[PDB]
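Trainee: coordinates only, sequence not included:
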């Protein structure tokens, strides 16, 4: 029941969601600073201007990580702190923050995992076309080269992108996230440039070859189950799996786009230059997996022939179905289809309505139950042949949940956003025990 000796138990955050200090120390505007100034885009008119004030309070947060016994901590780097503007010059204050963070993690025997892109693109890159422009892949490789030259052999695990599917769908299909475009026909072009950027960043990492360091990419998935045993539902579920879950894995591992992807974006081949699929599919050291919930699908007569069916219970405060077997099935499916490559679960967690009691304690037994089921499913996957190397709870801290603002709390540590006081929730106390036992009770 114990996990393997050396298994990496961690927790995760991202830069826009926790840092604040949005206009301090020379930091440039990101697309999410601009996006959050748009009236109507964010619940309650919330922004990441202050968030958890972690840029200033990072030493308090380092000590909370040490109190839990974390073996590793996943954060993202704010590109706009590093290259604030179109001169491309490096901001040394911004780079120094991440150096001090990484030095503090090592001082406490916590292994850094850094995500280079967790959605907060600098507005200057957006001004030069953002992910619609092929040239943004070269900007992202230059940013990667600067960070890996500066910190490579101090950060043993690097991730290029976080959730490129969400950037495509939310950022360009639906306009729900920055930069707010609403043109489904752009998705393939954007997906290709996100992939190309990962490939070019990976080439820059291999050329630097930092000692003891590894690089991968983080993808999110929703395990697909048909609503019935009927052939049409089974077919719709297979088609939805290929698109929803394999749009990025198929080119990353096999160097081709799948048929569901090419049908969805018929103009995709126009963006593919002769060396691009080889660049995109060069070998990664590990895959980061983000998982929260499955999707349940049925066939429809209306295009596009697929309907996602909503589930009313059991759900989190996001309305996301709780089904830990979806994590087991996702991990086994990736491993059988694409081979036994190293995997880290780089996000898994849940939002519930947390409230301090009269005594000031935050007891979140539903969140405990979510982790108990999901960590158990991940252990079964590992026993059944998945090369699972670590698990990162989303999130270390309650934080800015994008268009939901501060209405949704995913932390194992409660944050009072008025006073910045942090309180370990029951789930953090429980997870400390899991880490110390190297497994469930």
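Mentor: Now that the structure is in, tell me what you want to look at. Numbers count the residues shown, from 1 in each chain.
Trainee: all helices in the stretch 101-250 of the chain, in order from the N-terminus.
Mentor: Taking DSSP state H, counting those that start in this stretch, the helices of the stretch 101-250 of the chain run over residues 123-127, 135-151, 164-168, 187-208, 231-246, 249-254.
Trainee: Of all the ones you listed, which one comes closest to residue 305?
Mentor: helix 231-246 (6.2 Å; CB to CB). C-betas here are computed from N, CA, C, even on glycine.
Trainee: ok now that closest one, how far from the chain's centre?
Mentor: Centroid displacement of helix 231-246 relative to its chain, using CA atoms, centre = their mean, to the nearest Å, is 23 Å.
Trainee: Repeat that for stretch 166-175.
Mentor: 15 Å.
Trainee: Just the buried residues of it, please?
Mentor: For stretch 166-175, the neighbour count (16 or more other CB atoms under 10 Å) marks 166-173 as buried.
Trainee: same check, this time on stretch 10-20
Mentor: For stretch 10-20, a neighbour-count test (16+ other CB under 10 Å) marks 10-20 as buried.
Trainee: What count of nearby residues applies to residue 149?
Mentor: Burial of residue 149 is recorded as 11 neighbouring residues (other CB atoms under 10 Å).
Trainee: Verify the stated contact: it with residue 208.
Mentor: Yes: at 6.1 Å, residue 149 counts as touching residue 208 under the criterion of CB atoms under 8 Å.
Trainee: hmm, back to that, which one of the buried residues of stretch 10-20 is nearest residue 204?
Mentor: For those, the closest approach to residue 204 (CB to CB) belongs to residue 15, at 20.4 Å.
Trainee: who touches the nearest residue to the closest one once chain neighbours are set aside in this structure?
Mentor: Using CB to CB, 6 or more residues apart in numbering and skipping the chain neighbours, the partner closest in space to residue 15 is residue 78 (4.0 Å). Residues near residue 78 by CB atoms under 8 Å, 6 or more residues apart in numbering: 15-16, 19, 27, 30, 94, 120.
Trainee: how far away is residue 78 from residue 191?
Mentor: To residue 191, residue 78 is 24 Å away according to CB to CB, to the nearest Å.
Trainee: before we move on, the earlier item: give me the subset of the buried residues of stretch 10-20 lying in strands.
Mentor: If you go by DSSP state E, the buried residues of stretch 10-20 have 10-12 in strands.
Trainee: and of these, the nearest to residue 396?
Mentor: Of all these, residue 11 has the smallest distance to residue 396: 4.0 Å, by CB to CB.
Trainee: Can you tell me the closest non-neighbouring residue to the residue nearest to the spatial centre of the chain?
Mentor: Note on the chain: the residue nearest the mean C-alpha position is residue 162, at 4.1 Å, using CA atoms, centre = their mean. The spatial neighbour of residue 162 that comes closest, neighbours along the chain excluded (CB to CB, 6+ apart), is residue 118 at 4.3 Å.
Trainee: these two touch, right, the one you found and residue 19?
Mentor: No: using CB under 8 Å, residue 118 makes no contact with residue 19, being 11.1 Å away.
Trainee: circling back: tabulate the contacts of residue 78 in a markdown table, adding columns for distance to residue 416.
Mentor: Shown next, in a markdown table, are the contacts of residue 78 (distance: CB to CB, whole Å):
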| residue | distance to residue 416 |
| --- | --- |
| 15 | 21 |
| 16 | 20 |
| 19 | 17 |
| 27 | 25 |
| 30 | 26 |
| 94 | 27 |
| 120 | 24 |
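Trainee: And the furthest pair within these?
Mentor: Once CB to CB is applied, the contacts of residue 78 give 16 and 94 as the farthest pair, at 13.7 Å.
Trainee: Give me the three-state assignment for residue 359.
Mentor: coil (DSSP: H, G, I helix; E, B strand; the rest coil).
Trainee: circling back: could you report the separation of the residue nearest to residue 162 from residue 441?
Mentor: Distance of residue 118 to residue 441, given as CB to CB: 33 Å.
Trainee: Quick check: buried residues in stretch 183-190?
Mentor: Neighbour-count burial for stretch 183-190, counted by 16+ other CB under 10 Å, picks out 186-190.
Trainee: From the structure, what's the count of residues near residue 146?
Mentor: Residue 146 has 16 neighbours, counted by other CB under 10 Å.
Trainee: correct me, but it touches residue 82?
Mentor: Yes: using CB under 8 Å, residue 146 is in contact with residue 82, at 6.7 Å.
Trainee: Show me the common contact partners of the two, please.
Mentor: By CB under 8 Å, 6+ apart, the residues touching both residue 146 and residue 82 are 90, 95.
Trainee: mind listing what residue 207 touches?
Mentor: residue 145.
Trainee: swap that for residue 392, sorry
Mentor: The contact partners of residue 392, taken as CB under 8 Å, 6+ apart, are 10-12, 72, 74, 113, 344-348.
Trainee: Just the buried ones out of those, please.
Mentor: 10-12, 72, 74, 113, 344-348.
Trainee: Please flag which of the residues you listed sit within strands.
Mentor: Those of the buried ones among the contacts of residue 392 lying in strands (DSSP E): 10-12, 72, 74, 113, 344-348.
Trainee: coming back round to it: any idea which of the buried ones among the contacts of residue 392 is closest to residue 286?
Mentor: Of all the buried ones among the contacts of residue 392, residue 286 sits closest to residue 344, with 6.0 Å by CB to CB.
Trainee: Cool, thanks, signing off.
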